[PDB]
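Report on the following structure.
There are 2 protein chains.
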Amino acid sequence: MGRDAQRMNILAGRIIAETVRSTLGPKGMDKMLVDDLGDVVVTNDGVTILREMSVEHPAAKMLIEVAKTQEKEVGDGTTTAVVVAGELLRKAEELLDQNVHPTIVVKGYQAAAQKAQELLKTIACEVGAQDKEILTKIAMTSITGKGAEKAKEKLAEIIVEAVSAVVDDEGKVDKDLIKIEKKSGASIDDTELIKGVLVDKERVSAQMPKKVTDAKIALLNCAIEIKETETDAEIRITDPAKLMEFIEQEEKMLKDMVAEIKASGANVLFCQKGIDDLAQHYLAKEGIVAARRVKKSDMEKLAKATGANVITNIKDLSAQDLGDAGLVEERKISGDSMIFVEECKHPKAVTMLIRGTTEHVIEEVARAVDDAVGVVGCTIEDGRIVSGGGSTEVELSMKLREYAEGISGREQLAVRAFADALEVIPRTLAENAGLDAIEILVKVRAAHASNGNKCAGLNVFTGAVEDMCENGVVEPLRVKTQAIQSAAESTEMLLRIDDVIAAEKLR
Amino acid sequence: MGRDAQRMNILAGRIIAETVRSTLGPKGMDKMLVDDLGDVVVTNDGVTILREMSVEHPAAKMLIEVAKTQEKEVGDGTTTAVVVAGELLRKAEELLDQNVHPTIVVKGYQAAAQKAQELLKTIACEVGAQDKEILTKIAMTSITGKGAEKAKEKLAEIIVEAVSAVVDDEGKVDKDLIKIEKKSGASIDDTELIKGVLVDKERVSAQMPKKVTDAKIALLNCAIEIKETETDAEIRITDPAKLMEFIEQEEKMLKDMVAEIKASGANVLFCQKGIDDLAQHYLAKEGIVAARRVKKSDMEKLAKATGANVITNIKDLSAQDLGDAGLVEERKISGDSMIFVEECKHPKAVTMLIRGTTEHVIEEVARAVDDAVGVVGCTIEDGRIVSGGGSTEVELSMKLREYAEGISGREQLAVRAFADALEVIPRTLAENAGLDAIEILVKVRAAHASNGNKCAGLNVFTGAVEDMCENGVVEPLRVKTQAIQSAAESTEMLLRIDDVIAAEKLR
Ligand SMILES: Nc1ncnc2c1ncn2[C@@H]1O[C@H](COP(=O)(O)OP(=O)(O)OP(=O)(O)O)[C@@H](O)[C@H]1O
Ligand SMILES: Nc1ncnc2c1ncn2[C@@H]1O[C@H](COP(=O)(O)OP(=O)(O)OP(=O)(O)O)[C@@H](O)[C@H]1O
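Top to bottom, those sequences are chains A and B.
With our numbering, you'll find the first sequence wraps up at 507, consecutive numbering, no jumps.
With our numbering, you'll find the second sequence wraps up at 1014, consecutive numbering, no jumps.
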């Protein structure tokens, strides 16, 4: 009973752990996912693989739940954590044949995790905020498995210039709002960096100007038209010449309503609903930008950038509820028509537009930008950049072997197993090649046996061995520490189960 | 797992790739397609075969989706692209037996594609816009598998004279609107080239003239009859002698309404709906062409050709909303009756009418005209006409073999395989014959081993070997480059799959 239900839980986890094994290197194979209706999709990363997966077995759920909590942190060390956890489980499964029972292995892993975390903090350097040439290599190496055939130089010079705006001034809080729009076009690969406001909404009546200098943005909500809500106090009619007079008065009231806004100092009108065609001419004889259908996601970016308040009615508008803009234009680019408002006041956030050919290419960039800025915000606030490319694990493996010699007991085999399991990263990063096999792992192991030589690792774009800091691979340390912590926490939630029962009571 | 799900994806693609293998040469067999209701159709091309096909397998869908995106470009290199992709897959399947795993083959294909594209741009010539005898051979060779028993001389002298109208003047933008009507007749094969407007609508009252000199076309929409819409403001009646007087006035108003149009300068009436029989006599005493039921597809060709606007009402017609025509006639040709308007003003587009015997012959021409003009618009704008008939692949195969000798490694076998796979076109073009077998491929291979001799290829109308530019085969280069690009892009979406999973979540 103790050994029957224990091996099944490990076998059920090793199947889902080795699924994202091939989707780890920069030049790895993708995954084709089909559905019952007939939706064939292609996924190259490993985050989407863990979501759309048959979680019918209880063992194939806790690991995914743990990985989802770690992916929402930095979003980079998700697949490697699952690979390390699977390697640890496979290494610990063989150690159960000596009849020692799972207990000392957990203590050994807990003792080795602290040593690894202490050693990782001593193999890094100090990166200040006055650098610039160092902050671009991390952005260049962040886009490898997504699509290096078009994103390797153009997408590495516009992210650093866009993020470095409020992070260098305040190195603590830099929570921005970055929105990526999924739209196609006709070009190969075009990247636009809008330094203003982007509105994704067209019109139907092209009878309004689209070039106003130093215009002012005025945010107006509802309660503007004649009928939009309801009225509890009902009214009555007496003479037929009174209703027509009231209608004419309510129609002419719009003239003075627009004149008041013009005299207050505003030339841009942003309404939540739609603007009637009869209210356009009144906005054309005075030079006021007419717009309609403003999404809340696009409207919330106007109060913190231009500087204006909202009006719940129509008679609550004065002079302090106005903003300031630069140039509002409506160009037809990439098929659809979008509104560009340039020169605001406080350039906090930024907008990035990607134009490709079909429809699956732009989406491929949608999962690449969010994973490219996340490695930047954790760089200025920290600065413990280590040597990426599978060099930290090999360096820690040579230290754990000599550190485990100072202790006596059955806990040394656990530390040795944890140290040997760290060599799975170079075996997976070199499996995608044909001229690597196993000689690369033997050559990179005896190279770090001297005094120095630490930045050397492995690159799949050459074949030989060289330094990683001189090429352009500078993976941070947080993405490794969080991955190691997740792997050490997930490997203990399965060995401490042993038996499994069932019940008919909810919760 | 890695080799089990990989071979099945290739075997599922090789079945659908070799289906359109026989439908490639000019004298190949057709395909009989049946349905569940009992619809037996015959298809000779390969574009329709990819559409009406059981796409129940996930592997037999991505290739069709890629081919559909390439067919909408020039519409000529669709079947050959699928054949090349299937040949590449079959050649790469055998290379997986040496335990190399798919990675270096993709790099070899990517390196060979650029070399092939660079070599294709150096084996062409320069074709200017002052030529005329060269622009007819491409149109003559464009109709081979459709029906060369009646289309080889008559259909090769009316396409060049119809396209060469606005392309020679502006060699950049030549987007026209060509419409092919599917109508039968009684003759063997008749081709009419209307240099005006063609309306496919008859009448019921043959009481109007059909021969007016220098008539003017006036476009009038609805809002003409007494009742066609609705009225919100209801009316009442007081005396019985008032409703009859109003009806008589509204009936007599048509007289002055037609008199105003006659005095404005118009003799042709084109209405969207139908014209009542009582409104015909008023159009007969003044010499005005009466017509009814005008389709939007036939009405949109009147504003850009004759030069006239539309009227949403009836009282908005003056003098500037009129056009100009030449001769409007209604002849009964090929059974049905059609309206011919000759001598317009701006002959932008053109109309082609095909008359056959039964009903499946004319449709056979319907899939031949669209594939005959598409190879012309890409000729004047480009001009890199190469030697067609399966001569570019044999020429590039002799160059790739000597180009792959300058590199060392496992990538040479991929380039050699890609070069050997290009010899499938001459084997498929010679399989339809009996006296070809394999000696033709051996004879055409050692012929290009000297200095010159490049225009020589293969013709199925003789048996021996000779030049292709002197016969009448001048296939352009764009249809080959796009096909090679599609074949290189489709062969990489299957080898990078390896494993395949499933899920129960939508999208
Ligand atoms: N040129 C390179 N040389 C060495 N290693 C590289 C190189 N490029 C990328 N890598 C490695 O690839 C890893 C990233 O792989 P990829 O972006 O394909 O998926 P991932 O981001 O690891 O997926 P997940 O975020 O789900 O873990 C990095 O950890 C990095 O060490
Ligand atoms: N007289 C000829 N000599 C040599 N080759 C010819 C001759 N006539 C046609 N061909 C070849 O036949 C091919 C066209 O075949 P066909 O028109 O039957 O189908 P297709 O247009 O290739 O179909 P798809 O457009 O789906 O690819 C051309 O690529 C051309 O090279």
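Note that the Cβ used here is the ideal one computed from N, Cα and C, for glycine as well.
Quick one: list the residues of chain B neighbouring residue i, beta-carbon separation under 9 Å, in chain order.
| i | result |
| --- | --- |
| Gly147(A) | Within 9 Å Cβ-Cβ: nothing; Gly147(A) doesn't reach chain B, min ~13 Å. |
| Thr19(A) | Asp1006 and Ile1008 |
| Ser22(A) | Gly509, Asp1005 and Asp1006 |
Beta-carbon within less than 7 Å of residue i's beta-carbon, same chain only, minus the 5 sequence neighbours each way: which residues are those?
| i | result |
| --- | --- |
| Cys729(B) | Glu735, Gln779 and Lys780 |
| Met8(A) | none |
| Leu254(A) | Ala279 and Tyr282 |
| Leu626(B) | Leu903 and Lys906 |
Using a Cβ cut-off of 7 Å (strictly closer), state whether residue i contacts chain B.
| i | result |
| --- | --- |
| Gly335(A) | no |
Using a Cβ cut-off of 7 Å, pull out every chain B residue sitting near residue i, in sequence order please.
| i | result |
| --- | --- |
| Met29(A) | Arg1003, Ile1004 and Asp1005 |
| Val294(A) | Those within 7 Å of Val294(A) in chain B number zero; the least Cβ separation is about 28 Å. |
| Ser187(A) | Under the 7 Å cutoff, chain B gives no residues; its nearest Cβ is about 16 Å from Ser187(A). |
| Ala433(A) | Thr610 |
Quick test of your reading: residue i and residue j, contact by CB under 8 Å. State the CB separation rounded to the nearest angstrom.
| i | j | result |
| --- | --- | --- |
| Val289(A) | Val166(A) | No, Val289(A) and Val166(A) are not in contact; Cβ-Cβ is about 29 Å, not under 8 Å. |
| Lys723(B) | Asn774(B) | 5 Å |
| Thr550(B) | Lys534(B) | Rounded, the Cβ-Cβ distance is 16 Å, inconsistent with contact. |
| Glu525(B) | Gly582(B) | That pair is no contact at about 22 Å. |
| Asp696(B) | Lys657(B) | 4 Å |
| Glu930(B) | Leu948(B) | 7 Å |
| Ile665(B) | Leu700(B) | 5 Å |
| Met493(A) | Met62(A) | 5 Å |
Does residue i have its Cβ less than 7 Å from a Cβ in chain A?
| i | result |
| --- | --- |
| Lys579(B) | no |
| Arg1014(B) | yes |
| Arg952(B) | no |
| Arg917(B) | yes |
Skipping 5 residues on each side, what residues in its chain have a beta carbon closer than 6 Å to that of residue i?
| i | result |
| --- | --- |
| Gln412(A) | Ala404 |
| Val84(A) | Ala487 |
| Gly185(A) | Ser334 and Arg355 |
| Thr80(A) | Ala483 |
| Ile523(B) | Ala567 |
| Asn939(B) | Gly532, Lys534 and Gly535 |
Considering only residues of the same chain and omitting the five flanking positions on each side of residue i, which have a CB-CB separation below 8 Å?
| i | result |
| --- | --- |
| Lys808(B) | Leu684, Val704 and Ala856 |
| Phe777(B) | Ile724, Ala725, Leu726, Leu727, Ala798, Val801, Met806 and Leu809 |
| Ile645(B) | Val882, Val883, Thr886, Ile892, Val981, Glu982 and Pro983 |
Chain D partners of residue i, CB-CB under 7 Å?
| i | result |
| --- | --- |
| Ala1010(B) | Protein chains in the displayed structure are A and B, and chain D is not among them. |
Can you name the residues of chain B whose CB is closer than 8 Å to the CB of residue i?
| i | result |
| --- | --- |
| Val40(A) | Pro565, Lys568 and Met569 |
Using a Cβ cut-off of 9 Å, pull out every chain A residue sitting near residue i, in sequence order please.
| i | result |
| --- | --- |
| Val607(B) | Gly434 |
> What alpha helix (DSSP H) runs, 4 residues minimum, are completely inside the stretch 84–130 of chain A?
Replying inline: List check, alpha helix (DSSP H) in window: 104–120.
>> List, from N- to C-terminal side, the alpha helix (DSSP H) runs of 4 residues or more that fit wholly inside the stretch 434–479 of chain A.
In response: As far as the stretch 434–479 of chain A is concerned, its whole alpha helix (DSSP H) runs of at least 4 residues are 439–446.
>> Suppose only complete runs of 4+ residues qualify. What are the alpha helix (DSSP H) ranges in the stretch 889–936 of chain B, listed by chain order?
In response: Correct list: 899–910 and 918–928.
> Curious, which full-length beta strand (DSSP E) runs of at least 3 residues does the stretch 693–739 of chain B contain?
Replying inline: List check, beta strand (DSSP E) in window: 697–701, 703–706 and 724–726.
> What residue ranges within the stretch 820–894 of chain B form continuous beta strand (DSSP E) runs of no fewer than 3 residues, ordered along the chain?
Replying inline: Entirely contained in the stretch 820–894 of chain B, the beta strand (DSSP E) runs reaching 3 residues are, in chain order, 834–839, 844–849 and 858–862.
>> For a minimum of 4 consecutive residues, which ranges assigned as the alpha helix (DSSP H) are wholly contained in the stretch 243–303 of chain A?
In response: If we require 4 residues or more, the alpha helix (DSSP H) runs fully inside the stretch 243–303 of chain A come out as 296–299.
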